[PDB]
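The chain below stands alone and is given in structure tokens; this is the form deposited in one PDB entry.
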């Protein structure tokens, strides 16, 4: 009868199901989604007898997205007591060794970490890793962070099932519409969805359905990129992974699945709160949660938001730039490990945010800007980078794009050149301080003056005092005698771009326009003791399969002699102690900081190079329109550095003298003496018998 039309239509939709099975299979049995590249900060490893205090550790933990509690229950939490800290270190897929949860007690003895013990067996650790903070993702227009089935708490699955579905066969229906279908309200779509769902549940286990659903679900928007899945939304909304969510935060994310844009907590927080509360009760009907919990959860805010799009634009410019140079875009699930220090960045960002309007008010300024570059003294690894006064939201990066006159910050390269000649130039060497009238080409005289337009009553100064005081006249007399090609060579060795070097007499006093990052490289070279460590933001880039796509190795090259670098830095400590930066030296006398101040003609640029035990901080404070700032090195850029130093626990500079360094006695006349002397200065000699030749 009509079975010639009935059965043929049953075997017509059947072959369509084979095409549908092949479509669902080809996506899952391969690549489900293109997962963006995860960007992680620095990986800190803690060791016994490490120079780190309890308070510094609290700040480090808090900067690593840890929460200070009274009773430790879940990971990413810590408790602080009299002379120790207890913490549950969150699981992390470290490149060296994959680690899980660990209960550790960090014991402190003054300013140092005494011991780190495993609270499971009371065994002392040799080294203890600390997971890196996730900075951002490198963007399809959709952003994800894949977490397998095990990564999700059993409670969160139960929170999702109670609000959504029973699950005994819809949860699998919603999955297929987001994964393969259109946005349409249509009945064809609903039929195509339900038919796909029946094929979906049959060929794949309930664990896989949950794994795919929990990672696909649209839960937010960050401008042009779509925040989807529970793991990324957990970090975007609170700053905690999916494994560390509290029941109230857990319920909000499970609530947004129905309408992420309207149930959003940034815009209309009441509709989001009403929904969260409209989720907590749904769990309450079921025997899973007790009546005791509901009341406290309803009153306590679900958000609790960070609260905020483009994280770390300045530092990210460098990360992207290095990624192209070293290597990538085709690959998915890439983990990029950086050298980013969250503690340093916070200290710097706060200094810029607070300090800039503070200087703008103090000096009645229309506009003022900054640039801060923190690099490791010995590795050149970039710790912090701020490209402005408002660094949370940026497009124009002053640390990398703004090319400005270095001013006096050019002076140590002249004195370093001189001090690389131990038989000729020493700290006690007399340099002439009398009017200069050098004839430049065209027949036009170049007459450089000291800041006060004065000269020494003796017509001379000790090399040490000339750098200490940032005296222009003696600097010119030193560099001209040395030669411009020798000073230009010191700049090449230091690590400044060659194409910026124009060796004219003016180069000695600051006619060298560099960006704060480039200046960092130069000062890093002196601070390390003469070894030039090419600046880097990249530590390692790892693939989804754990393959090492790129690995960072030291490229440190001996640029200047250690003894010459030591003597420049020793004088750079004199700068901060009694010289131009004496305001900083009085504020932090136990830090024995090396530093140099820079002010350009008509107060256009203010600079400060700050060296402590472990970092090199280059800070510039100026205006984009190149107008006078009314600030000096010590008033502008050094003040932002003072703020940066205060916002953290800086390392005291213990300038360990290399070989052939000998503290020698000097008379008023500048002559070496066997015993006594009115001045003690470090000298580069294997045999301090320069005094016998002098006597």
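The term rigid core refers to the maximal set of C-alpha atoms that superpose within 1.5 Å between the two forms. Numbering follows the first chain given and starts at 1.
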Q.
Of the other PDB entries for this protein whose models extend past residue 303 on both sides, does at least a third leave it without coordinates?
A. yes
Q. Is residue 185 missing in a third or more of the other PDB entries that were compared?
A. yes
Q: Scan the PDB entry between residue 506 and residue 507 and report the missing deposited residues as one of none, 1 to 3, 4 to 9, 10 or more.
A: none
(Q) Our gap detector needs a label for residue 294 to residue 295. Which class matches the unmodelled residues of the deposited sequence there: none, 1 to 3, 4 to 9, or 10 or more? (A) none
Q: Can you let me know which of the two, 437-445 or 523-531, has the higher average C-alpha B-factor in the entry?
A: 437-445
Q: Going by the average Cα B-factor in the PDB entry, point out whether 473-481 or 361-369 comes out higher.
A: 361-369
Q: Sort 143, 414, 429, 408 by C-alpha B-factor from the entry and give me just the highest.
A: 143
Q | Residue with maximal Cα B-factor (values as given in the PDB entry) among 680, 683, 12, 673 | A | 12
Q.
Sorting by Cα B-factor within the chain, modelled residues only, which third would residue 657 end up in: lowest, middle or highest?
A. lowest
Q: Sort the modelled residues of this chain by their C-alpha B factor and say whether residue 63 lands in the lowest, middle or highest third.
A: middle
Q: Could you tell me which third, lowest, middle or highest, the C-alpha B-factor of residue 465 occupies within its chain?
A: lowest
Q: Going by the recorded CA B-factors, say which third of the chain residue 33 sits in, lowest, middle or highest.
A: highest
Q | For residue 453, the third of its chain into which the C-alpha B factor falls | A | lowest
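The next section is about a form of this same protein that is not shown, the form deposited with a partner chain bound.
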Q) In terms of non-hydrogen atoms within 4.5 angstroms, which of the given stretches 580-588, 596-604, 68-76, 474-482 touches its partner chain in the bound PDB entry? A) 68-76
Q. Closest heavy atom of residue 248 to its partner chain in the bound PDB entry, within 4.5 Å or not?
A. yes
Q: Answer with yes or no whether residue 289 is in contact with its partner chain in the bound PDB entry, where contact means some heavy atom within 4.5 Å.
A: yes
Q) Can any non-hydrogen atom of residue 297 be found within 4.5 angstroms of its partner chain in the bound PDB entry? A) yes
(Q) When the contact criterion is heavy atoms within 4.5 Å, does residue 434 count as touching its partner chain in the bound PDB entry? (A) no
(Q) Between 293, 309, 262, 194, only one gets a heavy atom within 4.5 angstroms of its partner chain in the bound PDB entry; which residue is that? (A) 293
Q) Pick from 438, 543, 155, 511: which residue has any heavy atom within 4.5 angstroms of its partner chain in the bound PDB entry? A) 155
**Q.** Mobile residue between this form and the one not shown, C-alpha criterion 2 Å or more, rigid core, from 35, 634, 44, 661
**A.** 634
